[PDB]
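Report on the following structure.
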Amino acid sequence: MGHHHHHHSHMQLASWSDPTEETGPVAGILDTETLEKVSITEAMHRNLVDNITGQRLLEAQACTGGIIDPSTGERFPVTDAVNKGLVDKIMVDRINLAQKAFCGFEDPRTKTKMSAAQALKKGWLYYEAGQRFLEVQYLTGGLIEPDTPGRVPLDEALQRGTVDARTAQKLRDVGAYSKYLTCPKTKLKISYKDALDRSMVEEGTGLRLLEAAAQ
């Protein structure tokens, strides 16, 4: 039991330490045995990753906007990625919050352009889901919101007035969140940061590939 449906997921009382340096977006999975850059589904189909681990990685890409094809930073909708991408249909509703978190529950009229963090503060989206979506964004740099050219640093978000101290410290405590990623044989129980240390970049625009040796 891994992530949400099964085991523990959102933040909790565990610990607050171990910064997260040398990070980046993970687009796909790389088998060290063959150095093959393959889709999340393909890695799950073979024996490189679990269903839950693949789900979270796809969710993580959705948290960074669209679902990402390893190649040159492609962006596809969660539903669209299922239709012609590398996402399981069963994950559409589950991940749907993540893509909406950027811009999906925004009314097609007033265009308030709300962040995930702002959605949490006013209860637009969902506390448990949004915080997990903020987790992935924080690990890479800051928090992602519409209107802006990209992502705003947590500290900059504080002065910007889009987040409060209570939220910011929760972003500062990534360790509160459940581990997601499973290694073949070495420890298995690792965080995004630990995988990112072993995550090898496809080339330059193919973003990070998650290193795996099957088992």
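Residue numbers (the entry's author numbering): 4392 to 4606. Idealized CB from N, CA, C, for every residue including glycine.
Under the 8 angstroms Cβ criterion, the region 4444-4451 counts as touching the region 4425-4435, having at least three qualifying pairs. If only uninterrupted beta strand (DSSP E) runs of at least 3 residues are considered, those enclosed by the region 4423-4493 are 4427-4429. Residue state for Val-4565 is assigned as helix, using DSSP reduced to three classes. In chain order, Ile-4458 and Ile-4459 place their CB closer than 6 angstroms to the CB of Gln-4452, counting only its own chain and leaving out the 5 sequence neighbours on each side.
A residue is called buried once 16 or more other Cβ atoms fall within 10 Å of its Cβ, and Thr-4531 is buried on that count.
Only residues of its own chain outside the window of five on either side were considered, and among them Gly-4415, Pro-4416, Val-4417, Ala-4418, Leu-4587, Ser-4590, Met-4591, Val-4592 and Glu-4593 have a CB closer than 8 angstroms to the CB of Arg-4599, listed in chain order. The beta carbon of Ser-4406 is closer than 6 angstroms to those of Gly-4566 in its chain, skipping five residues each way along the sequence. Per the coordinates, the alpha-carbon of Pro-4537 lies some 40 angstroms from the alpha-carbon of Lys-4576.
Straight through space, the alpha carbons of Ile-4535 and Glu-4412 are spaced by roughly 18 angstroms.
Remark: C-beta atoms of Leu-4421 and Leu-4601 approach each other more closely than 8 angstroms.
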